[PDB]
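Report on the structure given below.
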2 protein chains.
Amino acid sequence: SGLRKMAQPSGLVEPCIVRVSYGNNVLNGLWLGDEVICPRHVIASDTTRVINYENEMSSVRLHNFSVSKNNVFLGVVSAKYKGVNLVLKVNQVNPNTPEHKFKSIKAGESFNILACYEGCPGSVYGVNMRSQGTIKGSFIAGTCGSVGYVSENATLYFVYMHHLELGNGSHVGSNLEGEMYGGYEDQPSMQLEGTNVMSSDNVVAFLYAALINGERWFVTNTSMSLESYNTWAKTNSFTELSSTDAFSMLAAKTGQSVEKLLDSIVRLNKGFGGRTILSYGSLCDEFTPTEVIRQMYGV
Amino acid sequence: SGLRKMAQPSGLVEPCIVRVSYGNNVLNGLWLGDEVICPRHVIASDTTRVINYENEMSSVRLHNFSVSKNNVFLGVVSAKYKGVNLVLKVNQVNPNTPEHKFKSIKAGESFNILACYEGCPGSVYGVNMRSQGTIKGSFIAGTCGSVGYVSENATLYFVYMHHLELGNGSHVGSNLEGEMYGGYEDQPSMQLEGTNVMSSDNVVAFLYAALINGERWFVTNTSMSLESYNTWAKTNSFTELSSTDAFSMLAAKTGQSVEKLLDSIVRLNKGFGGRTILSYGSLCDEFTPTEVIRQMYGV
Ligand SMILES: *C(=O)[C@H](C[C@@H]1CCNC1=O)NC(=O)[C@H](CC(C)C)NC(=O)[C@@H](NC(=O)C(F)(F)F)C(C)(C)C
Ligand SMILES: *C(=O)[C@H](C[C@@H]1CCNC1=O)NC(=O)[C@H](CC(C)C)NC(=O)[C@@H](NC(=O)C(F)(F)F)C(C)(C)C
């Protein structure tokens with residue numbers, strides 16, 4: 001038993017992290033083949049004030065970049081913007097480039113962060129994309145360019161590169177094609193997040209994890225129909241649940257139907273009455289149904 | 001900003017994990033040089049009944065083992081107990097054996113789990129040793145032999161091998177010398193964990209982390225002396241705090257003294273009253289002061 005937010009192992013991603021610096025700015029990049037992708041604000045003269053990226057590009061000099069893997073430095077032979085990222089061509093192919101694809105993450109999906117500090121992989125942890133295209137991670141100065149990835153089908157996907165933190169602490173990155181999640185700008189300007197919408201699929205998965213782990217105080221002899229729940233969800237910042245089909249095995253193993261847990265969500269969103277669920281004090285939408293199933297029962 | 005429980009990257013450990021089965025039992029082994037270390041209950045004919053490990057070793061047949069990794073099958077040439085572990089000499093040396101040491105974890109210390117599912121590294125997450133020698137992880141059938149590790153000053157230490165789960169869900173493992181943390185037996189018997197004693201240092205670090213992250217509802221201008229707290233702590237299953245010196249920097253950056261947080265601990269111990277702190281609904285002792293500092297400020 002137990003429930004912990006997991007990361008998938010990091011071994012294929014670690015050899016791809018490089019240190020990229022320009023001027024007094026230092027962050028991380030992703031070295032694949034003979035290319036390094038990193039956030040374009042590494043070339044900005046002053047990241048604390050509004051940046052004219054056309055002027056920064058006009059004044060850039062390739063010899064002002066420093067790119068390195070474990071204190072061995074690479075020659076930079078080309079630099080281009082691609083959206084909000086720089087794409088650098090370097091003079092050596094990464095001999096540890098894994099087979100990989102690029103994909104974009106959608107709201108409610110889980111992935112892994114390899115958090116890196118100035119070119120060194122430091123730590124690995126799981127996150128879940130919020131409705132507004134943000135994640136709640138843990139990023140400080142020096143960790144831009146930290147990389148999000150997910151492995152599915154034994155296919156490794158790179159899905160995230162870290163750029164900024166909003167005023168409310170939410171974290172904003174791009175995909176590896178240089179499109180910023182959520183449409184945020186890579187600018188030190190006040191940008192508002194917008195109302196967070198909880199993933200109903202993930203909150204049901206969480207309550208099933210709680211049941212499996214022996215927590216059941218929130219279940220009562222009450223059950224809420226799917227359409228009734230979806231009507232409530234529309235005015236309570238929860239997503240609509242398309243069907244209960246993803247939960248069939250969990251319902252069978254716990255003896256609790258999804259509609260029993262839809263009624264729990266409605267009651268618990270009002271408040272827990274001072275109780276906790278697996279040491280959470282409010283509903284958690286960071287675990288997907290497949291995530292829970294894999295963690296509780298194996299692949 | 002942000003605080004998540006993190007793991008150190010897993011790339012050096014992943015290539016050492018092998019699948020070990022014997023009869024109906026399947027778990028994980030740690031393959032280093034020409035040795036595979038795994039929990040000895042893999043050769044128990046019935047793990048659900050009291051095991052006579054002397055009889056099991058006397059009846060063992062090496063041809064009954066299956067040890068494998070990807071397309072590699074490893075033949076067992078000899079098998080020996082070392083405390084509660086089996087040490088299997090195998091017919092091939094691990095070509096990806098990393099430089100490494102072994103050490104033991106003490107209560108209050110953090111380390112990393114590579115959760116392995118019948119030979120396959122599946123996830124990586126961080127844990128903290130509890131007072132009674134247990135951890136709160138996520139382990140299911142097929143995950144015994146999952147490996148705990150820590151890296152300090154670029155030195156990789158192997159520190160934990162997973163064996164069993166107590167009736168209250170606490171997880172029990174051994175060091176790599178085969179001594180079971182907490183002294184528990186590798187038997188299906190009534191073993192009670194005993195009262196959990198929270199690490200006061202860690203809870204203080206947790207509250208500092210919150211403050212740094214802009215959460216401050218739980219601090220007043222009331223304080224509690226180190227001596228009065230330690231007296232409360234002896235009666236209320238918290239460790240006694242030796243000094244406030246571990247937190248001099250945290251107090252400086254936050255403007256809140258350890259004594260202000262000691263009073264928070266006593267008030268919060270009954271519960272968060274419907275509020276949360278860094279998305280925990282009750283006090284958390286899983287982060288050390290050093291852990292919090294490096295995550296929130298860098299090395
Ligand atoms: C990587 O270079 C950092 C990562 C930041 C640092 C603190 N936590 C993070 O996630 N990125 C920045 O410093 C970034 C550079 C811009 C050119 C995009 N700026 C910010 O994240 C700032 N945020 C804002 O100005 C805000 F979004 F409007 F709030 C802060 C103030 C440095 C966080
Ligand atoms: C690895 O082979 C499993 C891991 C367990 C399975 C559920 N969660 C875990 O951490 N270990 C065992 O099956 C172990 C074998 C004994 C011979 C050591 N048995 C147990 O962990 C049992 N626990 C106990 O009997 C208890 F500690 F007394 F409570 C259970 C009931 C299978 C968990």
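Below, all heavy atoms of this structure are taken into account, side chains as well, without hydrogens, waters or symmetry copies. Chain letters run A, B, ... following the sequence lines, proteins first, then strands; residues in each count from 1.
If you run side-chain hydrogen bond (donor to acceptor under 3.5 Å, both in side chains) between A:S170 and each of A:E165, A:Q132, A:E193, only A:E193 comes through.
Listed options A:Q8, A:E14, A:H171 were ranked by heavy-atom pairs under 4.5 angstrom with chain B; first place goes to A:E14. When the candidates A:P9, A:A115, A:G281, A:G11 are compared by the number of heavy-atom contacts under 4.5 Å with chain B, A:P9 comes out ahead. Top candidate by heavy-atom pairs under 4.5 Å with chain B, chosen from A:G214, A:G169, A:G137, A:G298, is A:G137. When each of A:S282, A:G122, A:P15 is scored by its heavy-atom pairs under 4.5 Å with chain B, the top score falls to A:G122.
In this structure, no portion of B:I113 lies under 4.5 Å from any heavy atom of chain A. Interface remark: B:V13 contributes no atoms to any contact with chain A (heavy atom separation under 4.5 Å). Interface residue A:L114: only side-chain heavy atoms are found under 4.5 Å from chain B. The contact between A:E286 and chain B is made entirely by side chain atoms (from C-beta outward), counting heavy-atom distances below 4.5 Å. Both the backbone and the side chain of A:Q295 come within contact range of chain B, each with at least one heavy atom under 4.5 Å from a heavy atom of that chain. Both the backbone and the side chain of B:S1 come within contact range of chain A, with heavy atoms under 4.5 Å apart.
For B:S174, the side chain to side chain donor-acceptor pair (under 3.5 Å) partners are B:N85, B:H163, not counting sequence neighbours.
The aromatic ring centres of A:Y157 and A:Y149 sit 6.0 Å or more apart.
There is no side-chain donor-acceptor pair under 3.5 Å between B:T290 and B:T288.
B:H100 has its side chain within reach of B:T97: a pair of non-hydrogen atoms, C-beta onward, lies under 4.5 Å apart. Between A:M296 and A:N213, some side-chain heavy-atom pair lies under the 4.5 Å cut-off.
Using cut-offs of 30° and 60° for the angle between ring planes, the A:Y280 and A:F206 rings count as perpendicular.
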